[PDB]
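Heads up: the structure comes next, in structure tokens.
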Ligand code: NA
């Protein structure tokens, strides 16, 4: 299966990752939680590239 | 092949991507559905590929479970396009 980093900040702390098509997408962090600011920028990259962000499941993590 | 009309990162330093990433959000599929506290851990193979260790908590089985995979760059290691297999 295809695996592609389609966004990444400068200190490799936050990544947007998609599969071979727009049914596969993940938001990853070096920390268990991200900030709204960081969330909105991620959603904003997802939408700009045509991903249906209503499909996100917000995964249980320590502090969430 | 990546989806049609997407940007892939093109200045890519593999070594700096390694180690542990928490999964904040996912589009659901059978492989992951219901899993909690998910991380993926990336490490460099002898053959220049990446090892991928996916880990999550399974509340219905009451166990931590992992999936073991390998990833290969489809083009150059400076472009973050890859194929993943799990065995
Ligand atoms: Na908690």
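Just so it is clear, none of the values below were taken in a lab; they were calculated from the coordinates. Because the Cβ atoms are built from the backbone with ideal geometry, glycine has one as well, and the counts that use them run over all protein chains shown.
General remarks:
- Sequence-distant contacts, meaning Cα pairs under 8 Å at least 6 residues apart, place the relative contact order of segment A:4-55 at 26 percent.
- Each of A:55, B:15 has some number of other Cβ atoms within 10 Å of its Cβ, and from fewest to most they run B:15, A:55.
- The mean number of Cβ atoms from other chains found within 10 Å of a Cβ in peptide B:12-25 is 6, as a whole number.
- Neighbour-count order for B:23, A:37, fewest beta carbons within 10 angstrom listed first: A:37, B:23
- Prolate/oblate/rounded call for the protein assembly as shown, Cα gyration tensor, a/c under 1.5 rounded: rounded
- Its relative contact order, with pairs defined as Cα atoms under 8 Å and 6+ residues apart, puts chain B at 26 percent.
- Spatial separation of Cα centroids for segment A:20-64 and segment B:21-50, in angstrom: 14 Å
- The alpha-carbon positions of segment B:4-87 define a convex hull whose volume is 126 Å³ per residue.
- Degrees between helix A:36-48 axis and first principal axis of chain A (Cα, 0 to 90, nearest 10): 0 degrees
- Using the Cβ-Cβ distance between residue B:42 and residue B:1 with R0 set to 25 Å, the FRET efficiency works out to roughly 0.70.
- Mean partner shielding of peptide A:25-35, defined as the number of other chain Cβ atoms within 10 Å of each residue Cβ, is 5.
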